$ cat coords00.txt   # compact mmCIF, N, CA and C atoms
# COMPACT_ATOMS: atom_id res chain seq x y z
N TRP T 1 -68.72 -20.06 12.83
CA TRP T 1 -67.44 -20.40 12.23
C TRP T 1 -67.35 -21.90 11.94
N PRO T 2 -66.54 -22.27 10.93
CA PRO T 2 -66.32 -23.68 10.61
C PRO T 2 -65.55 -24.40 11.71
N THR T 3 -65.74 -25.71 11.78
CA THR T 3 -65.05 -26.54 12.76
C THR T 3 -64.45 -27.73 12.04
N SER T 4 -63.20 -28.06 12.37
CA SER T 4 -62.56 -29.23 11.79
C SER T 4 -62.04 -30.11 12.92
N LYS T 5 -62.21 -31.42 12.79
CA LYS T 5 -61.56 -32.35 13.71
C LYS T 5 -60.22 -32.70 13.12
N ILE T 6 -59.19 -32.67 13.97
CA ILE T 6 -57.83 -32.94 13.53
C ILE T 6 -57.09 -33.80 14.55
N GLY J 1 -55.59 -15.55 30.26
CA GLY J 1 -54.70 -16.21 31.20
C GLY J 1 -53.27 -16.17 30.71
N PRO J 2 -52.38 -16.91 31.37
CA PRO J 2 -50.97 -16.88 30.95
C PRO J 2 -50.76 -17.67 29.67
N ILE J 3 -49.78 -17.27 28.87
CA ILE J 3 -49.38 -18.09 27.73
C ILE J 3 -48.69 -19.33 28.29
N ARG J 4 -49.02 -20.50 27.74
CA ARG J 4 -48.44 -21.77 28.19
C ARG J 4 -47.79 -22.51 27.02
N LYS J 5 -46.70 -23.22 27.31
CA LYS J 5 -46.11 -24.16 26.36
C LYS J 5 -46.48 -25.57 26.79
N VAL J 6 -47.01 -26.35 25.85
CA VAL J 6 -47.57 -27.66 26.17
C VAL J 6 -47.04 -28.69 25.19
N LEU J 7 -46.56 -29.81 25.71
CA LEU J 7 -46.07 -30.90 24.87
C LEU J 7 -47.13 -31.98 24.65
N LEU J 8 -47.26 -32.42 23.40
CA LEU J 8 -48.18 -33.49 23.06
C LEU J 8 -47.41 -34.59 22.34
N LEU J 9 -47.67 -35.84 22.71
CA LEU J 9 -47.03 -36.99 22.07
C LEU J 9 -48.08 -37.77 21.29
N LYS J 10 -47.82 -38.03 20.02
CA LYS J 10 -48.73 -38.89 19.28
C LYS J 10 -48.01 -39.79 18.32
N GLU J 11 -48.68 -40.88 17.97
CA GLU J 11 -48.13 -41.85 17.05
C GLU J 11 -48.73 -41.55 15.69
N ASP J 12 -48.14 -42.11 14.65
CA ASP J 12 -48.52 -41.73 13.31
C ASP J 12 -49.92 -42.21 12.89
N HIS J 13 -50.51 -43.12 13.65
CA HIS J 13 -51.79 -43.73 13.24
C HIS J 13 -52.98 -42.93 13.74
N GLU J 14 -52.72 -41.92 14.56
CA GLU J 14 -53.79 -41.15 15.19
C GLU J 14 -53.72 -39.68 14.79
N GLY J 15 -54.82 -38.96 15.03
CA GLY J 15 -54.83 -37.53 14.85
C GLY J 15 -54.46 -36.88 16.18
N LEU J 16 -54.63 -35.57 16.26
CA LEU J 16 -54.32 -34.82 17.47
C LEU J 16 -55.37 -35.04 18.56
N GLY J 17 -56.61 -35.29 18.16
CA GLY J 17 -57.68 -35.45 19.13
C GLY J 17 -58.27 -34.11 19.55
N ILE J 18 -58.31 -33.18 18.60
CA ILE J 18 -58.78 -31.82 18.83
C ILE J 18 -59.81 -31.44 17.78
N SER J 19 -60.85 -30.70 18.16
CA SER J 19 -61.62 -29.95 17.17
C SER J 19 -61.24 -28.49 17.30
N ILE J 20 -60.96 -27.85 16.16
CA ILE J 20 -60.66 -26.42 16.15
C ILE J 20 -61.70 -25.64 15.38
N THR J 21 -61.93 -24.42 15.82
CA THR J 21 -62.82 -23.51 15.11
C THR J 21 -62.12 -22.16 15.00
N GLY J 22 -62.74 -21.20 14.32
CA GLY J 22 -62.15 -19.88 14.20
C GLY J 22 -61.16 -19.76 13.05
N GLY J 23 -60.32 -18.74 13.10
CA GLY J 23 -59.37 -18.49 12.02
C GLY J 23 -59.38 -17.04 11.59
N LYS J 24 -58.30 -16.61 10.95
CA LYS J 24 -58.13 -15.19 10.67
C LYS J 24 -59.24 -14.61 9.80
N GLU J 25 -59.78 -15.41 8.89
CA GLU J 25 -60.84 -14.93 8.01
C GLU J 25 -62.12 -14.61 8.79
N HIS J 26 -62.17 -15.08 10.03
CA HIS J 26 -63.30 -14.82 10.91
C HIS J 26 -62.97 -13.82 12.01
N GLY J 27 -61.73 -13.34 12.02
CA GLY J 27 -61.30 -12.35 12.99
C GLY J 27 -61.11 -12.92 14.38
N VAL J 28 -60.88 -14.22 14.47
CA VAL J 28 -60.66 -14.85 15.77
C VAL J 28 -59.51 -15.85 15.68
N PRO J 29 -58.90 -16.19 16.82
CA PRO J 29 -57.77 -17.13 16.78
C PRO J 29 -58.23 -18.52 16.38
N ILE J 30 -57.27 -19.43 16.21
CA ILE J 30 -57.61 -20.83 16.10
C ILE J 30 -57.94 -21.32 17.51
N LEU J 31 -59.20 -21.68 17.73
CA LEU J 31 -59.67 -22.02 19.07
C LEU J 31 -59.98 -23.51 19.18
N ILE J 32 -59.61 -24.10 20.31
CA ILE J 32 -59.95 -25.50 20.56
C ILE J 32 -61.40 -25.55 21.04
N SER J 33 -62.26 -26.21 20.27
CA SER J 33 -63.67 -26.33 20.64
C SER J 33 -64.02 -27.68 21.25
N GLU J 34 -63.17 -28.69 21.01
CA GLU J 34 -63.35 -30.02 21.60
C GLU J 34 -62.00 -30.65 21.89
N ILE J 35 -61.93 -31.40 22.99
CA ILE J 35 -60.83 -32.31 23.25
C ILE J 35 -61.46 -33.69 23.27
N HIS J 36 -61.04 -34.54 22.34
CA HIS J 36 -61.69 -35.84 22.19
C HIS J 36 -61.15 -36.84 23.20
N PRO J 37 -62.05 -37.47 23.97
CA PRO J 37 -61.55 -38.26 25.10
C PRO J 37 -60.69 -39.43 24.66
N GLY J 38 -59.57 -39.60 25.36
CA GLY J 38 -58.70 -40.74 25.13
C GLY J 38 -57.72 -40.58 23.99
N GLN J 39 -57.82 -39.47 23.24
CA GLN J 39 -56.91 -39.23 22.11
C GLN J 39 -55.73 -38.34 22.56
N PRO J 40 -54.74 -38.10 21.68
CA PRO J 40 -53.49 -37.53 22.21
C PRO J 40 -53.59 -36.23 22.99
N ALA J 41 -54.44 -35.30 22.56
CA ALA J 41 -54.54 -34.03 23.27
C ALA J 41 -55.08 -34.22 24.70
N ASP J 42 -56.07 -35.10 24.84
CA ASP J 42 -56.62 -35.41 26.16
C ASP J 42 -55.53 -36.06 27.03
N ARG J 43 -54.81 -37.00 26.45
CA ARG J 43 -53.80 -37.75 27.18
C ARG J 43 -52.65 -36.85 27.62
N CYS J 44 -52.30 -35.86 26.81
CA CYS J 44 -51.17 -34.96 27.14
C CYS J 44 -51.43 -34.09 28.37
N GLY J 45 -52.69 -33.75 28.62
CA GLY J 45 -53.09 -33.15 29.88
C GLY J 45 -53.17 -31.63 30.00
N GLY J 46 -52.57 -30.92 29.05
CA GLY J 46 -52.41 -29.48 29.18
C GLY J 46 -53.12 -28.64 28.15
N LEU J 47 -54.02 -29.26 27.38
CA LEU J 47 -54.79 -28.55 26.36
C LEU J 47 -56.25 -28.61 26.73
N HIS J 48 -56.97 -27.51 26.57
CA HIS J 48 -58.35 -27.46 27.05
C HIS J 48 -59.28 -26.72 26.10
N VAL J 49 -60.56 -27.07 26.16
CA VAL J 49 -61.55 -26.35 25.38
C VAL J 49 -61.48 -24.86 25.73
N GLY J 50 -61.46 -24.02 24.70
CA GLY J 50 -61.38 -22.58 24.90
C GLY J 50 -59.99 -22.02 24.67
N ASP J 51 -58.98 -22.88 24.69
CA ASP J 51 -57.61 -22.47 24.41
C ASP J 51 -57.51 -21.93 22.99
N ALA J 52 -56.74 -20.85 22.83
CA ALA J 52 -56.35 -20.40 21.50
C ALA J 52 -55.00 -21.04 21.22
N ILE J 53 -54.83 -21.62 20.04
CA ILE J 53 -53.53 -22.15 19.66
C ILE J 53 -52.72 -21.04 18.99
N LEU J 54 -51.68 -20.57 19.68
CA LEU J 54 -50.89 -19.45 19.18
C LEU J 54 -49.78 -19.91 18.25
N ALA J 55 -49.24 -21.09 18.50
CA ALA J 55 -48.21 -21.64 17.63
C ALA J 55 -48.07 -23.14 17.82
N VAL J 56 -47.52 -23.82 16.82
CA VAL J 56 -47.23 -25.24 16.98
C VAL J 56 -45.84 -25.49 16.41
N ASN J 57 -44.97 -26.12 17.18
CA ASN J 57 -43.60 -26.37 16.73
C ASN J 57 -42.89 -25.16 16.14
N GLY J 58 -43.08 -24.00 16.77
CA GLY J 58 -42.45 -22.78 16.30
C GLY J 58 -43.13 -22.11 15.12
N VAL J 59 -44.20 -22.73 14.61
CA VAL J 59 -44.98 -22.13 13.53
C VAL J 59 -46.10 -21.28 14.10
N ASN J 60 -46.06 -19.98 13.81
CA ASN J 60 -47.06 -19.05 14.32
C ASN J 60 -48.42 -19.32 13.70
N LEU J 61 -49.45 -19.37 14.54
CA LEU J 61 -50.81 -19.60 14.06
C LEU J 61 -51.75 -18.45 14.40
N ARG J 62 -51.21 -17.36 14.93
CA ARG J 62 -52.04 -16.25 15.37
C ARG J 62 -52.78 -15.55 14.23
N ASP J 63 -52.21 -15.58 13.05
CA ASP J 63 -52.90 -14.94 11.92
C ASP J 63 -53.23 -15.85 10.74
N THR J 64 -53.45 -17.08 11.09
CA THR J 64 -53.68 -18.08 10.07
C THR J 64 -55.16 -18.31 9.84
N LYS J 65 -55.53 -18.53 8.58
CA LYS J 65 -56.89 -18.90 8.24
C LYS J 65 -57.17 -20.33 8.68
N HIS J 66 -58.45 -20.67 8.79
CA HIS J 66 -58.86 -21.97 9.32
C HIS J 66 -58.18 -23.15 8.63
N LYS J 67 -58.28 -23.21 7.30
CA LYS J 67 -57.74 -24.34 6.56
C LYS J 67 -56.21 -24.33 6.51
N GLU J 68 -55.62 -23.14 6.58
CA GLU J 68 -54.16 -23.06 6.71
C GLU J 68 -53.73 -23.76 7.99
N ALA J 69 -54.42 -23.45 9.09
CA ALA J 69 -54.13 -24.08 10.38
C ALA J 69 -54.32 -25.60 10.35
N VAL J 70 -55.36 -26.07 9.67
CA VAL J 70 -55.58 -27.51 9.56
C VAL J 70 -54.38 -28.18 8.90
N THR J 71 -53.94 -27.64 7.77
CA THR J 71 -52.78 -28.20 7.06
C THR J 71 -51.53 -28.20 7.94
N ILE J 72 -51.26 -27.06 8.57
CA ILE J 72 -50.08 -26.95 9.43
C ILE J 72 -50.17 -27.93 10.60
N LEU J 73 -51.30 -27.92 11.31
CA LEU J 73 -51.45 -28.79 12.47
C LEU J 73 -51.37 -30.29 12.14
N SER J 74 -52.06 -30.70 11.09
CA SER J 74 -52.08 -32.12 10.71
C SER J 74 -50.74 -32.63 10.18
N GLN J 75 -49.85 -31.73 9.77
CA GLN J 75 -48.51 -32.10 9.31
C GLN J 75 -47.58 -32.49 10.44
N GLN J 76 -47.89 -32.06 11.67
CA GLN J 76 -46.95 -32.28 12.77
C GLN J 76 -46.98 -33.74 13.24
N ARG J 77 -45.81 -34.26 13.60
CA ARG J 77 -45.70 -35.67 13.98
C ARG J 77 -44.93 -35.84 15.28
N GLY J 78 -45.27 -36.88 16.03
CA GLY J 78 -44.45 -37.31 17.15
C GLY J 78 -44.54 -36.44 18.38
N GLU J 79 -43.44 -35.79 18.74
CA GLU J 79 -43.42 -34.88 19.88
C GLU J 79 -43.69 -33.46 19.41
N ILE J 80 -44.85 -32.93 19.77
CA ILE J 80 -45.34 -31.69 19.21
C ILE J 80 -45.52 -30.64 20.31
N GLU J 81 -44.88 -29.49 20.15
CA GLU J 81 -44.99 -28.42 21.16
C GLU J 81 -46.02 -27.38 20.75
N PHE J 82 -46.95 -27.10 21.65
CA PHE J 82 -47.98 -26.10 21.41
C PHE J 82 -47.72 -24.89 22.29
N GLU J 83 -47.99 -23.71 21.74
CA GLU J 83 -48.08 -22.50 22.56
C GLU J 83 -49.55 -22.10 22.58
N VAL J 84 -50.14 -22.04 23.78
CA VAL J 84 -51.58 -21.78 23.91
C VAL J 84 -51.91 -20.76 25.00
N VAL J 85 -53.09 -20.18 24.90
CA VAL J 85 -53.57 -19.29 25.95
C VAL J 85 -55.07 -19.39 26.05
N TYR J 86 -55.56 -19.44 27.28
CA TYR J 86 -56.99 -19.39 27.55
C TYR J 86 -57.43 -17.98 27.93
N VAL J 87 -58.40 -17.46 27.20
CA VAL J 87 -58.97 -16.14 27.48
C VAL J 87 -60.43 -16.25 27.89
$ encode --input "coords00.txt" --output "structure tokens"
Amino acid sequence: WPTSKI
Amino acid sequence: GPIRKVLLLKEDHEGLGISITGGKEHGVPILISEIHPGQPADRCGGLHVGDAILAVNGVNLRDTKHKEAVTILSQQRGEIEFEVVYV
């Protein structure tokens, strides 16, 4: 799955 | 585990200090995969790797796609309430 830093 | 309500405080110059993975298009919740040290989520004390983010500020995230969640989460400012659960 994709991962985003927020 | 139990559903928890968690408060996070951040200033406008910083992000949440979280990496998230998952999303409805993958058939899994929005999951916290990293807590970045020293940033707001770490400092708040009640958010952990493995937590599913069920809602933020009353906005349901249980059926949200990954990028939908990014937009919703990054829009929140100041005093931010999370509903989370660790499974």
$ closest_residue --input "coords00.txt" --among "J:35, J:52, J:20, J:41" --to "chain T" --atoms "all atoms listed in the file"
J:20
$ closest_atom_pairs --input "coords00.txt" --of "chain J" --to "chain T" --cutoff "6 Å" --atoms "only N, CA and C atoms" --output "tab-separated table"
residue	atom	partner	partner_atom	distance
J:15	C	T:6	C	4.4
J:16	N	T:6	C	3.5
J:17	N	T:6	C	3.9
J:18	C	T:6	N	4.1
J:19	CA	T:5	CA	4.2
J:20	N	T:4	C	4.1
J:21	CA	T:3	CA	4.4
J:22	N	T:2	C	5.0
$ atom_distance --input "coords00.txt" --atom1 "atom CA of residue 58 of chain J" --atom2 "atom CA of residue 72 of chain J"
11.1 Å
$ closest_residue --input "coords00.txt" --among "J:49, J:12, J:75, J:24" --to "residue 61 of chain J" --atoms "all atoms listed in the file"
J:24
$ select_by_dssp --input "coords00.txt" --residues "segment 37-69 of chain J" --states "alpha helix (DSSP H)" --output "short mmCIF file (atom, residue, chain, number, x, y, z; two decimals) with N, CA and C atoms, keeping the file's coordinate frame"
data_model
loop_
_atom_site.label_atom_id
_atom_site.label_comp_id
_atom_site.auth_asym_id
_atom_site.auth_seq_id
_atom_site.Cartn_x
_atom_site.Cartn_y
_atom_site.Cartn_z
N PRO J 40 -54.74 -38.10 21.68
CA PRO J 40 -53.49 -37.53 22.21
C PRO J 40 -53.59 -36.23 22.99
N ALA J 41 -54.44 -35.30 22.56
CA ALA J 41 -54.54 -34.03 23.27
C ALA J 41 -55.08 -34.22 24.70
N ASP J 42 -56.07 -35.10 24.84
CA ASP J 42 -56.62 -35.41 26.16
C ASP J 42 -55.53 -36.06 27.03
N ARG J 43 -54.81 -37.00 26.45
CA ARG J 43 -53.80 -37.75 27.18
C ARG J 43 -52.65 -36.85 27.62
N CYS J 44 -52.30 -35.86 26.81
CA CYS J 44 -51.17 -34.96 27.14
C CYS J 44 -51.43 -34.09 28.37
N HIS J 66 -58.45 -20.67 8.79
CA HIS J 66 -58.86 -21.97 9.32
C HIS J 66 -58.18 -23.15 8.63
N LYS J 67 -58.28 -23.21 7.30
CA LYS J 67 -57.74 -24.34 6.56
C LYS J 67 -56.21 -24.33 6.51
N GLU J 68 -55.62 -23.14 6.58
CA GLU J 68 -54.16 -23.06 6.71
C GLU J 68 -53.73 -23.76 7.99
N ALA J 69 -54.42 -23.45 9.09
CA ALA J 69 -54.13 -24.08 10.38
C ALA J 69 -54.32 -25.60 10.35
#
$ atom_distance --input "coords00.txt" --atom1 "atom CA of residue 43 of chain J" --atom2 "atom CA of residue 64 of chain J"
26.1 Å
$ atom_distance --input "coords00.txt" --atom1 "atom CA of residue 77 of chain J" --atom2 "atom C of residue 13 of chain J"
10.3 Å
$ select_by_dssp --input "coords00.txt" --residues "segment 4-66 of chain J" --states "strand (DSSP E or B)" --output "CSV table (one decimal) with N, CA and C atoms, keeping the file's coordinate frame"
chain,number,residue,atom,x,y,z
J,4,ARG,N,-49.0,-20.5,27.7
J,4,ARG,CA,-48.4,-21.8,28.2
J,4,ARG,C,-47.8,-22.5,27.0
J,5,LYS,N,-46.7,-23.2,27.3
J,5,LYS,CA,-46.1,-24.2,26.4
J,5,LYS,C,-46.5,-25.6,26.8
J,6,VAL,N,-47.0,-26.4,25.8
J,6,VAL,CA,-47.6,-27.7,26.2
J,6,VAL,C,-47.0,-28.7,25.2
J,7,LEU,N,-46.6,-29.8,25.7
J,7,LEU,CA,-46.1,-30.9,24.9
J,7,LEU,C,-47.1,-32.0,24.6
J,8,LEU,N,-47.3,-32.4,23.4
J,8,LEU,CA,-48.2,-33.5,23.1
J,8,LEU,C,-47.4,-34.6,22.3
J,9,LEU,N,-47.7,-35.8,22.7
J,9,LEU,CA,-47.0,-37.0,22.1
J,9,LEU,C,-48.1,-37.8,21.3
J,18,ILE,N,-58.3,-33.2,18.6
J,18,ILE,CA,-58.8,-31.8,18.8
J,18,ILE,C,-59.8,-31.4,17.8
J,19,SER,N,-60.8,-30.7,18.2
J,19,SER,CA,-61.6,-30.0,17.2
J,19,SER,C,-61.2,-28.5,17.3
J,20,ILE,N,-61.0,-27.8,16.2
J,20,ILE,CA,-60.7,-26.4,16.2
J,20,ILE,C,-61.7,-25.6,15.4
J,21,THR,N,-61.9,-24.4,15.8
J,21,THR,CA,-62.8,-23.5,15.1
J,21,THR,C,-62.1,-22.2,15.0
J,22,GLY,N,-62.7,-21.2,14.3
J,22,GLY,CA,-62.2,-19.9,14.2
J,22,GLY,C,-61.2,-19.8,13.0
J,23,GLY,N,-60.3,-18.7,13.1
J,23,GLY,CA,-59.4,-18.5,12.0
J,23,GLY,C,-59.4,-17.0,11.6
J,28,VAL,N,-60.9,-14.2,14.5
J,28,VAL,CA,-60.7,-14.8,15.8
J,28,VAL,C,-59.5,-15.8,15.7
J,29,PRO,N,-58.9,-16.2,16.8
J,29,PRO,CA,-57.8,-17.1,16.8
J,29,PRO,C,-58.2,-18.5,16.4
J,30,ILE,N,-57.3,-19.4,16.2
J,30,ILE,CA,-57.6,-20.8,16.1
J,30,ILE,C,-57.9,-21.3,17.5
J,31,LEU,N,-59.2,-21.7,17.7
J,31,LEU,CA,-59.7,-22.0,19.1
J,31,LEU,C,-60.0,-23.5,19.2
J,32,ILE,N,-59.6,-24.1,20.3
J,32,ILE,CA,-60.0,-25.5,20.6
J,32,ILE,C,-61.4,-25.6,21.0
J,33,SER,N,-62.3,-26.2,20.3
J,33,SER,CA,-63.7,-26.3,20.6
J,33,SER,C,-64.0,-27.7,21.2
J,34,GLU,N,-63.2,-28.7,21.0
J,34,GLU,CA,-63.4,-30.0,21.6
J,34,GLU,C,-62.0,-30.6,21.9
J,35,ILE,N,-61.9,-31.4,23.0
J,35,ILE,CA,-60.8,-32.3,23.2
J,35,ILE,C,-61.5,-33.7,23.3
J,51,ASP,N,-59.0,-22.9,24.7
J,51,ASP,CA,-57.6,-22.5,24.4
J,51,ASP,C,-57.5,-21.9,23.0
J,52,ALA,N,-56.7,-20.8,22.8
J,52,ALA,CA,-56.4,-20.4,21.5
J,52,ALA,C,-55.0,-21.0,21.2
J,53,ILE,N,-54.8,-21.6,20.0
J,53,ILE,CA,-53.5,-22.2,19.7
J,53,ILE,C,-52.7,-21.0,19.0
J,54,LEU,N,-51.7,-20.6,19.7
J,54,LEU,CA,-50.9,-19.4,19.2
J,54,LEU,C,-49.8,-19.9,18.2
J,55,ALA,N,-49.2,-21.1,18.5
J,55,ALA,CA,-48.2,-21.6,17.6
J,55,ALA,C,-48.1,-23.1,17.8
J,56,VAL,N,-47.5,-23.8,16.8
J,56,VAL,CA,-47.2,-25.2,17.0
J,56,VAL,C,-45.8,-25.5,16.4
J,59,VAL,N,-44.2,-22.7,14.6
J,59,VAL,CA,-45.0,-22.1,13.5
J,59,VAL,C,-46.1,-21.3,14.1
J,60,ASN,N,-46.1,-20.0,13.8
J,60,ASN,CA,-47.1,-19.0,14.3
J,60,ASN,C,-48.4,-19.3,13.7
$ residues_around --input "coords00.txt" --residues "residue 4 of chain J" --least-positions-apart "4" --cutoff "7 Å" --atoms "all atoms listed in the file" --output "list in words"
residues 82, 83, 84, 85 and 86 of chain J
$ axis_aligned_box --input "coords00.txt" --around "segment 37-47 of chain J" --padding-each-side "6 Å" --output "JSON"
{"center_x": -56.6, "center_y": -34.6, "center_z": 25.8, "size_x": 22.9, "size_y": 24.2, "size_z": 20.3}
$ closest_residue --input "coords00.txt" --among "J:23, J:33, J:53, J:81" --to "residue 67 of chain J" --atoms "only N, CA and C atoms"
J:23
